[PDB]
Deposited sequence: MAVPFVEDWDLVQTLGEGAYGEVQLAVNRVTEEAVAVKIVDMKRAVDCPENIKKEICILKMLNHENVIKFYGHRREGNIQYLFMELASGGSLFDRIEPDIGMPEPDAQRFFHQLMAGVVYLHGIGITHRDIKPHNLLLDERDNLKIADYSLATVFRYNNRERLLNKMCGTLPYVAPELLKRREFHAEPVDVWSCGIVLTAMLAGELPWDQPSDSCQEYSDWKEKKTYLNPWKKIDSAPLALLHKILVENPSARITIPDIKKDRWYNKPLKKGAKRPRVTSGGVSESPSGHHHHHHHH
């Protein structure tokens, strides 16, 4: 397949809406990524969000091309693949690599929150790496505006991936966008350190979640995590979104600031 001067050489994944392909410009040899979307209101929103994005830990938007009922979303290519592929099942990854990616994830989330944007699907599959292993937050199809004209809007729609969602998202009619993103960053952190997800959803029915609230840290995935990153997770994975730690205080955490090998 092809679009204009770009050849679509290889699939890079597929979401709820479309497929992402590796686009090699036949002339310049430049390699980008193209989200191919079939058929209207959400894509106009997504482009609007993407156009604003200007940060080193956020996937750069290049432009869009419409070819009838098909939309092509040209984005920055992260040659290093995803963070998912760097996590070893049941092991995770080395602590210094986990801390580095967590720092870059915080920088990107701080950025998005700064411009009133919530990602709503922070998980390893949406965290891509460049050639120098710099983390990039990708896929903005679930992203939305939580702040406009310095007025905050509570979210009501239930969006995301169940093992990453904050518990208020399942139990509340309305909730603040930012503690939802902080929570998923905490699950990403857990995955990086234990190569395991803590539960299937943060609901009282799920025993693994109830075990966490009871402080049963002698259980997986918690027993694989060192006491210092575990202290941070104790503050991130808090049920009440008002009691939950914010990025300014995450930036003050001992493990966050711990010099690592």
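**Student:** Where along the deposited sequence are residues missing from the model?
**Tutor:** Those parts of the chain that were deposited but carry no coordinates are 1-3, 43-48, 271-297.
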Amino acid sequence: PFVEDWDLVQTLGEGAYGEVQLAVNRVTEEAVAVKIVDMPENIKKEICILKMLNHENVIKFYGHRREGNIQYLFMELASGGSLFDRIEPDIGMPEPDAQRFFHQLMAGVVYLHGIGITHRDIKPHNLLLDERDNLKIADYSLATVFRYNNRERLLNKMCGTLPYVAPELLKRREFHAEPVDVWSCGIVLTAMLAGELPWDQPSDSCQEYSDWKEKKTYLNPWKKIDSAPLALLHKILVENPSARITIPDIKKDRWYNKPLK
From here on, numbers count along this sequence of modelled residues.
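**Student:** When the C-alpha temperature factors are averaged for each of 186-194 and 167-175, which stretch ends up with the higher value in the entry?
**Tutor:** Between 186-194 and 167-175, it is 167-175.
**Student:** Do the CA atoms of 111-119 or those of 129-137 have the higher mean B-factor in the entry?
**Tutor:** According to the PDB entry, the answer is 129-137.
**Student:** From 224, 235, 55, 215, which pick has the Cα B-factor that tops the rest in the entry?
**Tutor:** Among 224, 235, 55, 215, the highest C-alpha B-factor in the entry belongs to 215.
**Student:** Could you tell me which third, lowest, middle or highest, the C-alpha B-factor of residue 180 occupies within its chain?
**Tutor:** Answer is lowest: the recorded C-alpha B-factor places it there.
**Student:** Place residue 98 in the lowest, middle or highest third of its chain's C-alpha B-factors, as listed in the PDB entry.
**Tutor:** Ranked within chain, residue 98 CA B lands in the lowest tercile.
**Student:** Rank-wise, by C-alpha B-factor, drop residue 105 into the lowest, middle or highest third of its chain.
**Tutor:** Residue 105: CA B-factor falls in the lowest third of its chain.
**Student:** By the recorded C-alpha temperature factor, relative to the other modelled residues in its chain, which third is residue 146 in?
**Tutor:** Tercile = lowest for this residue's CA B-factor.
**Student:** Based on the deposited C-alpha B factors for this chain, I'd like to know if residue 162 is in the lowest, middle or highest third.
**Tutor:** According to the entry, residue 162 has a C-alpha B-factor in the chain's lowest third.
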